[PDB]
Amino acid sequence: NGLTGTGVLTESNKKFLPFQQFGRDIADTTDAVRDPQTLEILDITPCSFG
Amino acid sequence: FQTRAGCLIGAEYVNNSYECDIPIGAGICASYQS
Amino acid sequence: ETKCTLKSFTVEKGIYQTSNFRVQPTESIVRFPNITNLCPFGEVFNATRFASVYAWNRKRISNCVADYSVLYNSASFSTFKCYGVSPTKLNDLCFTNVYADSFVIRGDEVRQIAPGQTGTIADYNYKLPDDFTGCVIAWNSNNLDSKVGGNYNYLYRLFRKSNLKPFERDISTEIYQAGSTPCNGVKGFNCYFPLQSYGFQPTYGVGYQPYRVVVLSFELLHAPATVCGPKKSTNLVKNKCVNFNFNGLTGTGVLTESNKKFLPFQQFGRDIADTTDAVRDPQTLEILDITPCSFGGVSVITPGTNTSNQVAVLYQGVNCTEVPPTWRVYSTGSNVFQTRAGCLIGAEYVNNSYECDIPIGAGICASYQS
Amino acid sequence: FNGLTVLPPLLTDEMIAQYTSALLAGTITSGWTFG
Amino acid sequence: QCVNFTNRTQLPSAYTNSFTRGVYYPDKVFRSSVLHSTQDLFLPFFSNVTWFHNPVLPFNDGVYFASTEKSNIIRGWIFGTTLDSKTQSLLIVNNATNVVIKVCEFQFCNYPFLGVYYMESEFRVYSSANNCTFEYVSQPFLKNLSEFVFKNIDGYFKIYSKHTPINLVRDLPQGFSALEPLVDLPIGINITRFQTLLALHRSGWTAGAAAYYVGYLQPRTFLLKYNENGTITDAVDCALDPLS
Amino acid sequence: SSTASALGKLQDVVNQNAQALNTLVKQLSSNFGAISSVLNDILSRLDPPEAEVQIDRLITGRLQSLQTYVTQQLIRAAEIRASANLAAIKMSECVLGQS
Amino acid sequence: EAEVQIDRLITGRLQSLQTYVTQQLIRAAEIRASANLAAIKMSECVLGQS
Amino acid sequence: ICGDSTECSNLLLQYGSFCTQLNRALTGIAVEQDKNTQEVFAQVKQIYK
Amino acid sequence: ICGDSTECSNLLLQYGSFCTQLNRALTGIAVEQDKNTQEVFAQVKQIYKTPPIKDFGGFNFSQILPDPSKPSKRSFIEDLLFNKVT
Ligand SMILES: *[C@@H]1O[C@H](CO)[C@@H](O[C@@H]2O[C@H](CO)[C@@H](O[C@@H]3O[C@H](CO)[C@@H](O)[C@H](O)[C@@H]3O)[C@H](O)[C@H]2NC(C)=O)[C@H](O)[C@H]1NC(C)=O
Ligand SMILES: *[C@@H]1O[C@H](CO)[C@@H](O[C@@H]2O[C@H](CO)[C@@H](O)[C@H](O)[C@H]2NC(C)=O)[C@H](O)[C@H]1NC(C)=O
Ligand SMILES: *[C@@H]1O[C@H](CO)[C@@H](O[C@@H]2O[C@H](CO)[C@@H](O)[C@H](O)[C@H]2NC(C)=O)[C@H](O)[C@H]1NC(C)=O
Ligand SMILES: *[C@@H]1O[C@H](CO)[C@@H](O[C@@H]2O[C@H](CO)[C@@H](O)[C@H](O)[C@H]2NC(C)=O)[C@H](O)[C@H]1NC(C)=O
Ligand SMILES: *[C@@H]1O[C@H](CO)[C@@H](O[C@@H]2O[C@H](CO)[C@@H](O)[C@H](O)[C@H]2NC(C)=O)[C@H](O)[C@H]1NC(C)=O
Ligand SMILES: *[C@@H]1O[C@H](CO)[C@@H](O[C@@H]2O[C@H](CO)[C@@H](O)[C@H](O)[C@H]2NC(C)=O)[C@H](O)[C@H]1NC(C)=O
Ligand SMILES: *[C@@H]1O[C@H](CO)[C@@H](O[C@@H]2O[C@H](CO)[C@@H](O)[C@H](O)[C@H]2NC(C)=O)[C@H](O)[C@H]1NC(C)=O
Ligand SMILES: *[C@@H]1O[C@H](CO)[C@@H](O)[C@H](O)[C@H]1NC(C)=O
Ligand SMILES: *[C@@H]1O[C@H](CO)[C@@H](O)[C@H](O)[C@H]1NC(C)=O
Ligand SMILES: *[C@@H]1O[C@H](CO)[C@@H](O)[C@H](O)[C@H]1NC(C)=O
Ligand SMILES: *[C@@H]1O[C@H](CO)[C@@H](O)[C@H](O)[C@H]1NC(C)=O
Ligand SMILES: *[C@@H]1O[C@H](CO)[C@@H](O)[C@H](O)[C@H]1NC(C)=O
Ligand SMILES: *[C@@H]1O[C@H](CO)[C@@H](O)[C@H](O)[C@H]1NC(C)=O
Ligand SMILES: *[C@@H]1O[C@H](CO)[C@@H](O)[C@H](O)[C@H]1NC(C)=O
Ligand SMILES: *[C@@H]1O[C@H](CO)[C@@H](O)[C@H](O)[C@H]1NC(C)=O
């Protein structure tokens, strides 16, 4: 929905309040999104590097 | 082999214990004998 | 000098670094290849026929002496705009493998011939590179490239599957499928011929009259040079810090007969960080090496302005054989001395040794008695 | 993270505790002689 | 003036090791006793190289051609896209006299060759050449290991050469030798395929000992060493080994 | 006499100084966004109304490099001074008397 | 205009990174001094009577 | 500073080696921390009980 | 920064006194090194000399005392240390 980014998407147990669209934790880092078609709470994790 | 520092390939893991030569991490390191 | 650089009318007994000195250059040396011949610019400019936009004519220029004064003084060029170099220095440089691309376009599209420009011909006919170097010349050709019957010989592209790479040429006149249904080589709906003709007529006003455009593209020191300017060479002098311009490579230093070996294809050489340490003259084909003429810092030794007004000048890391910040007064008959720190002028060496005042370096220290 | 990494220390806390235990046992039993 | 044949000779194209050959001077700048890291097109170390005991092969980025030749049997070279008069092609002939380089819309037949007479007078490689611009004549290029590198970059055709005395029987020597630049051509073509020409004794063609090594280049990074005399004596590949 | 690599501290200090100087002098060969890394060429090519911009880019890049080098030198000098003070103390007690 | 915008971004991130590195260096030097003091104190006091 | 972007990497390429000298300090810092711990604690040759 | 350019020098002059303090810091560092060496080594007021005949109860210091033969007047251990590092 216009928010772009690279990572791995998993299922999450976070419960958004019914009006948000995407969450974050700290320092402006997105961690969960809601798919507009299905309205399901997902989780975003940066895929491994080193 | 898998270590708390990461994954190490090319060198085998033994059960012995000697003085540390080339530090690796998490309390383990490698040496030449292979 | 110390009073000026320390901002006080009183200076205590001590050593103070004031400035640095350099050996000034004398005269100049210009060296260019002996080859000379008038360069063929008439044919590329005074051409009876000019190709289309999608078939721009590319010509290579090499092994010639080019005079850019005639291409700049003439007012027949409506637009003469350069990017990489100022037009006044065109005759002061030497290049190799010059390229000239000539064509004819409409008056309103002359603005599209520029790096990072988006348009019809700037994107689908002839795309200039973003880092282009060289010049662009455009002029009016209504009286010759426009006829009362209309010129249909000039064809330009309008439809293309994708964009064009820099300095790319496309000539394929393939049918374009503008819709979901393929044309299969048949003209029809969602099918258009990619080429279209100009409507050049003398009745048209400014901006619609045909314009002739030539683009000159250069290189910057990537190979042995072959296209030099109208400058004349001169003789060379060695063992003197002079200014040199070897085939476009400018610099200042002292030249010496080198001892390194160049393979028959090599031109010059360097060791670390663009330090050109050897050159081959285009005329004699002889090897020379370049080193900067001497320079270094200068410092003073004074016993304090309260005691006296006598100073001793030390030049750091400079051989005492050559020294004359002019201050020629300390060059006539004053006492001189040489040490590992450099050269000392104004102090007299004494053989005795004892615990001493102000130091200089390398175990040698000065004091007041002179 | 965001391109920053944290490297683990070479000596684990268990080895540090073992050093401290050995030092303390030595100073209790021997004194300054083991130094 | 060329006709078809019947003896469809098939070259037993084997595979062998590239070892550490195919290193050339990248620039025209003199350096002495220094280690220089440069990224360019090179033949990767320890690669597959094809050995022929005359098919059509692709050009790709560049071509490395080697010959442990006796008496210099190999003569010519043909480059192009479709090898016909429709598209401009390039031809190189190194006979007993000055070498000739041409770029023209030649009409190659199935089995082009020079042909010699036993006092040789024969030239029947192609049939026609209608429109073309550039020609060049130089001194001839050529028991001995001859190495050549053909590169096509920025409308520039670079030919680098090196001749070396050899004594080993079959395999490539396990040594290192730089390749000095030989010829630069400021002509741009869409070359994608190339051939090889033989000096068969036409009196009945007899050319069976036509063996050569062919390899392809790739872009990568090398670390070269320049000695006190400015000659490359050692090179190290980057993307080959963690130690490298 | 026999075993080597027993003087690691001084050797690494010298190596650090040498590599710092080497990278400082190597930084001079960067475009920093301009058209050339050599100032005489850009002076000889184009009009000073743009040479000012190009030389400004070169100046800011080289100023950044020089400031970084100076800061590193200051830190290293502070560490060396601390080590020298420790060495002077050790010479004071251990040599001139029993510790 | 994209190279100009990217230039602004990269240069600003460059001063940020340089400042972070400098602060890390200063803090590391101070910690090293503290560690040397601790080692000395542990040398004389633990292993003998001071 | 680029976030896996080709244009950003190309633009950064013309800056020289700030990154090498930057990375060359963190490794020294980490080695210094390891040496600090080793010299502070490893004051004995054996392990007593 | 400028490498003998009048235009570059004029352009740099309007940036203010940036590098003057850098030169001052470098000079201070050099003076600090000289002071460090002097204060580390100059611990004595005079210069002493060992007697020509040496009988120290059995101890042998020949490897540490300077050798008159060498013009550098550096002992064996000092020579080895100087030769090892380069
Ligand atoms: C230089 O030569 C290459 C030869 O490969 C040109 O690339 C294109 O190669 C294809 C071969 O697959 C040629 O055939 C075409 O294939 C496409 C896709 O299958 C097909 O739709 C076409 O009908 C045709 O059969 C293609 O002609 C060729 N492109 C051109 C423009 O000839 C490459 O383009 C050449 N470059 C230049 C600058 O001439
Ligand atoms: C999104 O549009 C689709 C199109 O029909 C619908 O999604 C279906 O919704 C029903 C119940 O609402 C589910 O049982 C189906 O599994 C869904 N998917 C499909 C493919 O039928 C619905 O109109 C919209 N879904 C929303 C708004 O959640
Ligand atoms: C194209 O032709 C014109 C006219 O013949 C050339 O203009 C001449 O230039 C020379 C050199 O400056 C002058 O001495 C003549 O007086 C000019 N002739 C006229 C009629 O003005 C022009 O130089 C030619 N183009 C090129 C590139 O040489
Ligand atoms: C200053 O320059 C002169 C000449 O260039 C040096 O004199 C030479 O010294 C070397 C040995 O140092 C001799 O081998 C040469 O024969 C000398 N040449 C001449 C012409 O005298 C002089 O040494 C230099 N100054 C210093 C301090 O080295
Ligand atoms: C086709 O060409 C091949 C290769 O030149 C010929 O094979 C050679 O024949 C001669 C004649 O006896 C032998 O001495 C060689 O040893 C053969 N070479 C190989 C590799 O086998 C062959 O004879 C020719 N055939 C015809 C019909 O001309
Ligand atoms: C480098 O080039 C020289 C000059 O041709 C080669 O010749 C050597 O030159 C040195 C000093 O001039 C002599 O001591 C050698 O005896 C010469 N050797 C030969 C074979 O002529 C030299 O061989 C080349 N290579 C090296 C490694 O120096
Ligand atoms: C002190 O030690 C040195 C070094 O061993 C002794 O010098 C050696 O003396 C023996 C016997 O005279 C010689 O064979 C060696 O060649 C000497 N070594 C050197 C390096 O000169 C010296 O004699 C010892 N002095 C005393 C008083 O024991
Ligand atoms: C190390 O010891 C463990 C524990 O008994 C055993 O399972 C393992 O096989 C041993 N590995 C080796 C290489 O001795
Ligand atoms: C080449 O240069 C030399 C020396 O400058 C000169 O004497 C000679 O005439 C020149 N030859 C040609 C063909 O320009
Ligand atoms: C400066 O010289 C005068 C003249 O003898 C002397 O009286 C005075 O003490 C000197 N100043 C200092 C600071 O010694
Ligand atoms: C100092 O003594 C040396 C003896 O080697 C002599 O050559 C020199 O002239 C003396 N200097 C003066 C100023 O007398
Ligand atoms: C490539 O090299 C390998 C290694 O010897 C060999 O087995 C193989 O036949 C060669 N050719 C191909 C096409 O893989
Ligand atoms: C060799 O090639 C040259 C150049 O084309 C030609 O003049 C000559 O006739 C050819 N043949 C011989 C035997 O030289
Ligand atoms: C030369 O080129 C023209 C057009 O490019 C072509 O029509 C012609 O067939 C070619 N050959 C000859 C001999 O004219
Ligand atoms: C082989 O190459 C060498 C170059 O060292 C040359 O002298 C020789 O004439 C060539 N030919 C033969 C048959 O050796």
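K.L.:
Sorry if this is basic, but what is going on with the pairing of strand β22 (residues 342–345) of chain C here?
P.N.:
The side chains of a regular strand alternate, residue by residue, between the two faces of the sheet. Residue and element names in this part refer to chain C. In terms of strand pairing, strand β20 (residues 312–316) meets β22 through 4 bridges, oriented antiparallel. Bridge pairing links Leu314 to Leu344 in β22. Bridge count for strand β21 (residues 336–339) against β22 is 4 bridges, and the pairing is antiparallel. Bridge pairing in β22 places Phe337 opposite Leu344. Counting the residues that bridge the hairpin from β21 to β22 gives 2 residues.

K.L.:
So what exactly am I meant to see when it comes to the side chain of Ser258 of chain C here?
P.N.:
All names here are of chain C. Within the secondary structure layout, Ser258 lies in the loop between β15 (249–257) and β16 (268–270). In this structure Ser258 comes out as buried when scored by relative accessible area, which is 3%. Here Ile287 takes part through its backbone oxygen, which lies 3.5 Å from a polar atom of the side chain of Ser258. In this structure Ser258 touches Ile287, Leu288 and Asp289, once residues within four positions along its chain are discounted.

K.L.:
How should the sheet that holds β20 of chain C be read in this particular structure?
P.N.:
Whenever strands of a sheet pair, they do so through backbone hydrogen bonds, lying parallel or antiparallel. All names here are of chain C. As summarised here, the arrangement of the 5 strands in space is β1-β19-β20-β22-β21, forming an open sheet in which the pairing is antiparallel. On the outer flanks of this sheet lie β1 (14–22) and β21, each paired with one strand and no other. Ignoring which end each strand starts from, the neighbouring axes of this sheet average 25 degrees apart.

K.L.:
Even after reading the chapter, I still don't get the interface of chain F and chain I, so can you show me in this structure?
P.N.:
Contacts between chain F and chain I engage 25 residues on the former and 23 residues on the latter. Interface of chain F and chain I: buried area, both sides summed, is about 2,400 Å²; carbon and sulfur atoms make up 73% of it. It is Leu7, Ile59 and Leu63 of chain F that lose the most area in chain F upon contact with chain I, and together they represent 21% of the buried surface on that side. Between chain F and chain I we count 1 salt bridge in total.

K.L.:
Honestly, helix α2 (residues 18–41) of chain H in this entry has me stumped. Any pointers?
P.N.:
For an α-helix, the turn length of 3.6 residues means that residues three or four places apart are oriented alike. Here α2 of chain H spans 36 Å end to end across 24 residues, near enough to the 34 Å set by a 1.5 Å rise per residue. Buried within α2 of chain H are the following residues: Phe18, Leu22, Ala25, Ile29, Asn36 and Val40 of chain H. The inward-facing, buried residues of α2 of chain H contact α1 (2–46) of chain G.

K.L.:
Just checking my understanding: could you explain the arrangement of the chains for this structure?
P.N.:
There are 11 pairs of chains in contact here; the most contacts are made by chains F and I. Spatially, chain A and chain E are disjoint, and the shortest separation between their C-alpha atoms is 16 Å.

K.L.:
Help me out: how do you make sense of the UniProt feature "disulfide bond" in chain E in this one?
P.N.:
Residues and elements named next belong to chain E. Regarding the annotated cystine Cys2-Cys109, the two sulfur atoms come within 2.0 Å of each other, below 2.5 Å, so the disulfide is formed in this entry. A residue is classified by how much of its surface remains accessible, and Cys2, at 27% relative accessible area, is partly exposed. Residue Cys109 is classed as partly exposed on the basis of its relative accessible area, which comes to 25%. Sulfur atoms of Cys104 and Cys132, annotated by UniProt as disulfide partners, sit 2.0 Å apart, under the 2.5 Å cut-off for a formed bond.

K.L.:
What exactly am I supposed to notice about the environment of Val98 of chain C here?
P.N.:
Residue and element names in this part refer to chain C. Along the chain, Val98 turns up in strand β6 (residues 98–105). Taking relative accessible area as the criterion, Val98 reaches 2% and is therefore assigned buried. Along the chain, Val98 and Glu219 lie 121 residues apart, while their C-alpha atoms are 7.3 Å from each other. Leave out the neighbours within four places in its chain, and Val98 touches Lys59, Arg60, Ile61, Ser217, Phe218 and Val227.

The rules we used
- Residues numbered from 1 in each chain as written, not as in the entry; some residues may be left out.
- Chains lettered and ligands numbered in written order.
- Part of a larger assembly, values for the part shown.
- Heavy atoms only, no water.
- Pairing = 2+ DSSP bridges.
- Helix = DSSP H or I, 4+ residues; strand = E, 2+ residues; numbered from the N terminus.
- Buried < 20%, exposed > 50% of the residue type's maximum accessible area, 1.4 Å probe, protein only.
- Polar contact = N/O pair within 3.5 Å; in protein donor to acceptor, adjacent residues only side chain to side chain.
- Contact = heavy atoms within 4.5 Å.
- Axes fitted to C-alpha atoms, helices over the stretch in contact; angles between N-to-C directions.
- Buried area = accessible area lost by both parts, 1.4 Å probe.
- Salt bridge = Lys/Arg side-chain N within 4 Å of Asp/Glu carboxyl O.
- Expected span 1.5 Å × (residues − 1).
- Disulfide = S-S within 2.5 Å.
- UniProt positions renumbered as here; feature names shortened; annotations may be inferred.

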